[PDB]
Structures are given as C-alpha cells and as structure tokens.
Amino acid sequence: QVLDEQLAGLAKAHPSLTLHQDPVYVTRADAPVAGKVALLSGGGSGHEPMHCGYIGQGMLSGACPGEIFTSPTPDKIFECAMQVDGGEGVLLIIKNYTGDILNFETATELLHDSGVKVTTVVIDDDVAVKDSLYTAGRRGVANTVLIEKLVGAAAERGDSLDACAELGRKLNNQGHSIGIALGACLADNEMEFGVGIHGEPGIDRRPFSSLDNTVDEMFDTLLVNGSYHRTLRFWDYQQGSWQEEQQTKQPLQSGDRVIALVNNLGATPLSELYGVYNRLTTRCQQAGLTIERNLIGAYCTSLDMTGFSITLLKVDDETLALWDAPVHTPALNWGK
C-alpha cells in the first residue's frame, strides 16, 4: 500500500512523531502533554504537508490522515484525541467539507460520550464558491494552516480550551483565500479560477493572460467576496449538544494588517510564488492593507495540481505575537 509506505517514511524521517497502527494516526512523540489543550486536525491525504507536517510544539498535537481526498473515519479521530488528551480538553479543527464535518462530528460525540472535554472549529475560508460539490457553505483551505499555528501557539502557552476555540473561530472569520489551477492534480492557456483543493470546479474557466493579471483577479476577488454570514455548528461540551451559531465575516478593507500565505497547490515553481508575492504586495499597498508577515511555499497542496492560492488573514498585535511564538514541526520551524 503506497499510503502505508508514505506514512512509514514520514515516521522514519521524524523521530519527533509517532505513527500509530490500528487505527492509523500520527501524534507528537511526547503526547500526551499533561496540562495543555491538545490540538488535532485531519483530512484526506493528497494535501501534504497539511496536516501531518504541522504536528509538533506550538502546533498540532496530532493528525488523522484519511485515504486520498477522503476524510479519516471517526475511529481514527477518536483514538488520536484519546492518545493526545492532556486532561485540559481536545480542540478539533475541521475543514468545511461534507465528509470531514460528518466524521469529525461523529468522533466529537463519541469523545464526549467517553468523558473527554472537546470542542470544534470549522474552517470555511475559500471565498470562491458557495455550495461546491462536497461542501455546504464555503470550502476550508489554506487558512487552516495559519489557524493551526496561531491556535497552536495559544494552546502551547497554556490558554484554556474555550480561549483556544474562541480564537480559532475569530481567526476563521478574518481569513480569506482563493486558488487557481492551470492543470489538475484542462483547457490550454486557460485556468480554473477559484478551484477547490479536491479538484472541485471554480467560479469559471478563463484564459491565463499573465501571472500579474492572475494575481490581480484573485486579489480583487478576495476584496469583493469577503462579506459572509452563515451558520457553523460547534460542540457545546457543557450541554452535550451541537450549537448553531451565526457567524459573520467583514470584507478586507483599507487599514487592515494581514498575514499573507502564497501557497503552491503542487507544481508551481518557487520562483513564480515570489513573483506572485511581489504583485500581491503592490495590490495590498494600493488597497491600504499592511502585510506584517508572510509564508511562501507548499503548505496546503492538491496532489501535483498545477496552481497556487493566496490567503490573507487580518490580525492584530496579539495575533502577531502568537504568529512569532516558537513552532517546531516538520513544515514550520522558528524559535522567534
């Protein structure tokens, strides 16, 4: 089994991780870490390094990979949460797709039913399409990575479960993303504009004119599609029930400070990602947006799809301190 080989390789490459069997999931080798909120996510394989490459100090306590483009089953999520539970609650970060919501939600009830204090954060940052093929609402994409790092820092320093969940939900309302593909994981000199990470169709198919013109269209879309009101359920562990919470996003606007993530969906050369970043800085400055930090590289992929995405997350001084806090994972490492 290739997936089995790939996971064994990740485990052999990183002594800081433990690969479990029956069922399969990955955790920090030092989990459970007593006294800290434990953070978990998971999803289909085919988006590496999301999420296994984000397991470590300052970030995920563990992750549950599923088959290609498919959510892990609830037993994987449950056993992973039980393995990392440090007695202070487990926070599950779930990307907004039909399968992920159903499995993580089922795992959440089984955990609660077993005495574990748990709650959830749903990520729906992709501004391109509402109600795509596998999603009720907006798709969860690359901002998931920024949220895991920020909430990961909050949990690592000792914040409460409620404080980490509140932070995750707030960041979710403040992060906006859009991706384009020039080829699948076609048309010829055409791109799928607003493509999804499982290959879902975008807003439309259009002609690729230039890299700069493409960034302009992506950026303009992030500005005009920012406003959004919808319901996201979360687990209320006190009542033992799902809570339907109306959530609101404001569009990005002049005066906002952001963290920018220019993300390779798979086969985009790093040189091109820098050209993308260059044009993005110009557009942000014209629009009155201040980029305070950036991440440029392959952080949330779609197999070998040829394309990239842009994510802009509004932040403040407190959030920027959580960004700068230490993180030690396979994909992200700083002691800043």
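Sequential numbering from 1, following the sequence displayed.
Coordinates are lacking for 10 or more deposited residues between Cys185 and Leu186. As listed in the deposited structure, the average C-alpha B-factor of 1-9 and of 327-335 is greater for 1-9. For the pair 37-45 and 289-297, the record assigns the higher mean C-alpha temperature factor to 289-297.
Take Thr106, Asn263, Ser160, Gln243 and read off each C-alpha B-factor from the entry; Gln243 has the highest. Of the candidates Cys64, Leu60, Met305, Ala31, the one whose C-alpha carries the top B factor in the deposited record is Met305. In the deposited entry, the Cα temperature factor of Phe208 sits in the top third of values across the chain's modelled residues. Per-chain ranking of the deposited C-alpha B factor places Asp256 in the middle third. Sort the chain's modelled residues by C-alpha temperature factor and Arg138 lands in the lowest third, per the entry. Ranked against the other modelled residues of its chain, the C-alpha B-factor of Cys52 as given in the entry falls in the lowest third. Among the modelled residues of the chain, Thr268 sits in the highest third by CA temperature factor in this PDB entry.
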